[PDB]
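Engineer:
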Amino acid sequence: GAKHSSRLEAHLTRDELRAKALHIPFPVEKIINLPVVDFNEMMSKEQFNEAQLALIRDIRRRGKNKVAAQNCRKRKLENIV
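If you use my numbering, the sequence shown corresponds to residues 6 to 86, in order.
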């Protein structure tokens, strides 16, 4: 395929693809990395639909890898032995 045809829609990766279709200007690369202040600027200065805002939050959240996908000895006994 063409690599220089990554202007619209699929500008970078699959996540970028849906983001661009969702009117997201800033690349997912940035969104994962945007600090709260940049994230505040986003909501403050710019304005999008709910769908679009949801993705920004999502990429941001996944970029902030603090989901605790470690062993994590916790007392969260949902249904485990």
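Ideal Cβ placement from N, Cα and C applies to all residues, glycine included.
Is the stretch 8-26 close to the stretch 41-48, with three or more CB pairs under 8 Å?
Structural biologist: no
Engineer: Which residue spans inside the stretch 22-74 form an unbroken beta strand (DSSP E) run of at least 3?
Structural biologist: For the stretch 22-74, not a single whole beta strand (DSSP E) run of length 3 or above is found.
Engineer: Would you check if the stretch 27-47 and the stretch 74-81 touch, i.e. whether three or more CB-CB distances between them fall below 8 Å?
Structural biologist: no
Engineer: Report yes if the C-beta distance between residue 36 and residue 65 is below 8 Å; otherwise report no.
Structural biologist: Taking the first residue of the sequence shown as 1, we reach residue 36 at position 31. Taking the first residue of the sequence shown as 1, we reach residue 65 at position 60. The answer is yes: Cβ separation under 8 Å.
Engineer: I think residue 38 touches residue 6, with their Cβ atoms under 8 Å apart; what is that distance to the nearest whole Å?
Structural biologist: Within the sequence shown, residue 38 is the residue found at index 33, counting from 1. Within the sequence shown, residue 6 is the residue found at index 1, counting from 1. Contact flag wrong, Cβ pair sits at about 27 Å.
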